[PDB]
């Protein structure tokens, strides 16, 4: 389906960027347009942490106090006054999208400043991290573009400096996450393997998914970045748009 028809059918804005990492072929649509990136930021931060911690060191522990807790911390809220491992922090953040867990990761890395440093190093001068679920077309805070984010994903993970173990760990989590079942995973041919990280912001029907798509017998992923929003602040997102976009796109591959 034309991408235009999908914007028409859902009365929404779509931003797409796909890269078949084997051939280098690219599919783009509103690729330099800015959208909230928000919670999809989790995969980036965990990824950064994996660059500095060998797999064999994920069992190191950090203390959790009351001052650590942030809203929507399904897992971490139970750790008050205890020690948790780096590995469990990656897990709570990627599988349960735990807020405290993401915040601990960032600190561990050395703060937002250091993440900002790593981004520039990779060639990303677009993505603007926040020191998350908020979006306003006014600002460039918490935004990236499909092309930019797509370039970062590839450089960070698909072809980054991760170990096989670290890469595997992280990919396993994005593979097994039930919170993306309605997105890119709903859209692609059943033979495909999809490791994704969803996102959303509470304003403008800001709904995204990012993935590493592995076609039938192909070892190299297609990086797919889909960013959607709407015209009203209180608009509600429809997950089918993403499903529908993914399906459309996979066809060019």
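Numbering follows the first chain given and starts at 1.
Missing coordinates between residue 131 and residue 132 amount to 4 to 9 residues of the deposited sequence. Stretch comparison (145-153 versus 70-78) by mean CA B-factor in the PDB entry places 70-78 on top. Legend: mean Cα B-factor per stretch from the PDB entry, 156-164 versus 94-102; the higher mean is in 156-164. In this structure the maximum Cα B-factor among 126, 88, 171, 183 is found at 126. Ranking 34, 193, 63, 197 by the C-alpha B-factor listed in the PDB entry places 193 at the top.
Sorting the modelled residues of the chain by their CA temperature factor places residue 202 in the middle third.
Looking at the C-alpha B-factors along this chain, the one for residue 122 belongs to the highest third. Residue 49 sits in the lowest third of its chain by CA B factor, as recorded in the PDB entry. Residue-level temperature factors show residue 231 in the middle third of its chain, judged at the C-alpha atom. Per the PDB record, residue ranking by Cα B-factor puts residue 250 in the highest third of the chain.
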